[PDB]
């Protein structure tokens, strides 16, 4: 089974993908997590990607498509979390999968309004020791636990990221709807309720 989680930044895709991977054994492929690691390590990918991410822009397709080929697992169920983000990426994914005898089985669209996106992103915090993700209101870090705020979660970069989502990523809704594999998730609900909906959709 291959899943794609699609939706605006802050919708809760990483939160749900992490949970699903941990409990049900999916391979979690987060392009964001992988890129942030590349940047921190200063790899050729990381050095090239870094400034796109800093500015809230998408990293060029060729680099991301190569990254996906590098990390796609030989066996196992997969959650694509934050990939594809463009039509070209989606077309490449279909082609890659077909060569492996696979296909995207479900695309889960995490619907949330812009007001919620901003609330979610502005309050997002990370434990730099473990990578655990918190929210200042909805899931605060334990007392005494040091956390950081991503530079791309600052107000002006959130704005750009949302514009980029609407311009480049949103056309994937129709792309996958035409293939009949798009499932709607009401991502505005609490984490537990969203998770039950994810489980229901994937059966």
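Numbering follows the first chain given and starts at 1. C-alpha atoms forming the largest set that superposes within 1.5 Å between two forms make up the rigid core.
Visitor: Overlaying the structures in 8 other deposited structures of this protein on the rigid core, point out which of 52 to 60 and 170 to 178 has the bigger RMS C-alpha shift.
Guide: Once the cores are fitted, 52 to 60 deviates more in 8 other deposited structures of this protein.
Visitor: Relative to the presented form, and with the rigid core used for superposition, do the C-alpha atoms of 122 to 130 or of 93 to 101 deviate more in 8 other deposited structures of this protein?
Guide: The more displaced stretch in 8 other deposited structures of this protein turns out to be 122 to 130.
Visitor: Comparing 28 to 36 with 154 to 162, where is the mean C-alpha B-factor higher?
Guide: The deposited B-factors put 154 to 162 ahead on the C-alpha mean.
Visitor: Which wins on mean Cα temperature factor, 93 to 101 or 76 to 84?
Guide: Looking at the recorded C-alpha B-factors, 93 to 101 comes out higher on average.
Visitor: Just grab whichever of 13, 183, 179, 19 has the top CA B-factor as deposited.
Guide: Of the candidates given, the C-alpha B-factor peaks at 179.
Visitor: Going by the deposited entry, which of 117, 133, 107, 71 has the highest CA temperature factor?
Guide: By C-alpha B-factor in the record, 117 ranks first.
Visitor: Just say lowest, middle or highest third for the CA B-factor of residue 64 relative to the other modelled residues in its chain.
Guide: Lowest third - that is where residue 64 ends up once the chain's C-alpha B-factors are sorted.
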